[PDB]
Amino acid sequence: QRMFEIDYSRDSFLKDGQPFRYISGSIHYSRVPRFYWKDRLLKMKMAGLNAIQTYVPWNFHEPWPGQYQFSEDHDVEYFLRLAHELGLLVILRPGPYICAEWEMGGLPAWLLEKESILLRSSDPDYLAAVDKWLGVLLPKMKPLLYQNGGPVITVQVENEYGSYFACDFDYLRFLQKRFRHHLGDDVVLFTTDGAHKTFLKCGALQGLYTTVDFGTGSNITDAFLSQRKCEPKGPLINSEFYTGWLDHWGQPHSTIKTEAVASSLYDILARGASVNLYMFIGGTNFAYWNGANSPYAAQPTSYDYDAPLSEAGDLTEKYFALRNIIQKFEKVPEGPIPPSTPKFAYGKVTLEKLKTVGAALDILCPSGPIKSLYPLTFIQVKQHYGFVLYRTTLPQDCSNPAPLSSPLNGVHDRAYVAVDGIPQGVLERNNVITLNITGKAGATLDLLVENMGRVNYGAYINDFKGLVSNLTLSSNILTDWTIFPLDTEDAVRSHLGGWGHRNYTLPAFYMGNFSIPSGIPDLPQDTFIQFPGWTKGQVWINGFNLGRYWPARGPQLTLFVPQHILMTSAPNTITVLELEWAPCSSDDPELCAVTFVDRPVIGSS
């Protein structure tokens, strides 16, 4: 019965023999808690979208080889079902590289266990891991195909491959053959690339339909002409029409005018083009999922994106303006729209210092350290995300300050340095490769190294992390390393072992509790946590990793806190890992505190 195909004769899609054009919005299920999937999807449907687009991040689902996550917030099958049940069609973008301001572009870090791997190429090791991943992911997607009764109408192969240097056409042909093998010969397979022959040159492949992406800054005619070069026949498609843009820590929050998006959307729609709004809701990079760009600049925790639906799912002016545009072309669903969620200001919650990272080494690294003559990377010590502590002793007296240095700029990405429990300051990828330290010969030198996000775009996505090259002290290479991978996630969930197992300050864990009453229909509510007086770190509430805060740089001050991780009667435990400076010294305990507010601050003065 069920068919979805390209009508080449008629520059169109056919959906069960009928002319079809899609109006889609990007939503990433990995950036929205499952609790709220239905809420966002319904808001998307009510805007008049007939389809949604999503990425499948490979590393989100296979964080260790052969160890899969497809349940709860990782249940892509369920997400796709929910979309179908709401009558939305799905454009699937399964990678295996997705870019997406997401850690390493979705690629698993354990691929880097072969140091010389050439990612996104016919490197046989890269291919064997890709093939094994597709043999798991694609048969799950097969019954979700439009023709087998599900919502999936088109599937993207790779992501803007033409923007990458390797230009390996055997890789692309390999992906095509495997996608076909698992999904069959009917499913529409496409590529997406920047709208210019120079990008199309290496990204397009015969047998995969060529689509382009472009934003409100682009000349629409020119963009679609570049697509028409590779596809003289078939529908016009903008796979990523930018509703906003990404951010970086320390840069002003990106915004795009409502009128600019509305007018461009109108013109695209007026050409009979199919179009996807990237992003429709952006959401959040929880835990360590954010990516980065080269030269090294990490994206922050919020992926608000200035999208039509805000980070927390709110209806914005942009949302209504885009809905109004769509209404000019198609009948939008009737009835009231699910609302922006209520937000609640829980107020100030005092914390207190529990333990330094040094003191918690036993619980953080319960299998003990790896010893090495020279430093090893995160990947070599089997750590992908978070922090690794590197330890050695001073091989000479440093009563006078001696330069600690990474001559090849190999601190990836930030190191918090202490000598005998005295913090010495910070080393920084690019910015500061030398730090003066003092202390006695034989003193314990500690470097707490944070992976701030693997680069997700450009040539340097093989971003190893850790001390990736030697450190010197007064110019001599430092040797004899004791290296502790830190299981911060487990440790925080056991309250650093406390619950069993059923200027600068030292990096440390600060904890505090707050209660919310039960039997109140409208509590808990969503909230935003803010860190007045803190500097940089990670935050958990009830062991859920909300992401990184960095009020010292901005633009993001608050972090989003979804209500479903909050409990009533039972105390809610906040854990803060502060890396640089905590406001918790003086008499005043009231300074050692966070505050929950009812409005986000993601773009301050």
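Residue numbers here begin at 1 and follow the sequence given. Rigid core (definition): largest C-alpha set, two forms, superposition within 1.5 Å.
J.: Compare 490 to 498 with 207 to 215 and report which one shows the larger root mean square C-alpha deviation from this form in 5 other deposited structures of this protein once the rigid core is superposed.
T.: Comparing 207 to 215 with 490 to 498, the one that moves more in 5 other deposited structures of this protein is 490 to 498.
J.: Between 568 to 576 and 536 to 544, pick out the one whose C-alpha positions differ more from the shown form in 5 other deposited structures of this protein, using the rigid core for superposition.
T.: Evaluated in 5 other deposited structures of this protein, the stretch farther from the shown form is 568 to 576.
J.: Is there a break between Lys331 and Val332, and how many deposited residues does it span: none, 1 to 3, 4 to 9, or 10 or more?
T.: Per the record, no deposited residues are absent between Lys331 and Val332.
J.: Take the C-alpha B-factors listed in the entry for 188 to 196 and for 530 to 538, compute each mean, and give the stretch with the larger one.
T.: Per the deposited B-factors, the answer is 188 to 196.
J.: If you average the CA temperature factors as listed in the entry, which stretch comes out higher, 384 to 392 or 257 to 265?
T.: Looking at the record's C-alpha B-factors, the answer is 257 to 265.
J.: Highest recorded C-alpha temperature factor, please, choosing from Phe280, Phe484, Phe241, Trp499.
T.: If I rank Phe280, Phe484, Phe241, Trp499 by C-alpha B-factor, first place goes to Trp499.
J.: For the listed residues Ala298, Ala418, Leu107, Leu205, which one has the largest C-alpha B-factor as given in the deposited model?
T.: The C-alpha B-factor peaks, among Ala298, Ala418, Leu107, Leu205, at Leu205.
J.: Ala552's Cα B-factor: lowest, middle or highest third of the chain?
T.: According to the entry, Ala552 has a C-alpha B-factor in the chain's highest third.
J.: Quick check for you: using the entry's CA B-factors within this chain, is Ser121 in the lowest, middle or highest third?
T.: Middle third - that is where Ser121 ends up once the chain's C-alpha B-factors are sorted.
J.: What third of its chain, lowest, middle or highest, does the C-alpha temperature factor of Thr341 fall into?
T.: CA B-factor rank for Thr341: lowest third.
J.: Going by the recorded CA B-factors, say which third of the chain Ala570 sits in, lowest, middle or highest.
T.: According to the entry, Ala570 has a C-alpha B-factor in the chain's highest third.
J.: Per the entry's values, where does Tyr22 land by CA temperature factor relative to the rest of its chain, in the lowest, middle or highest third?
T.: It falls in the middle third of the chain.
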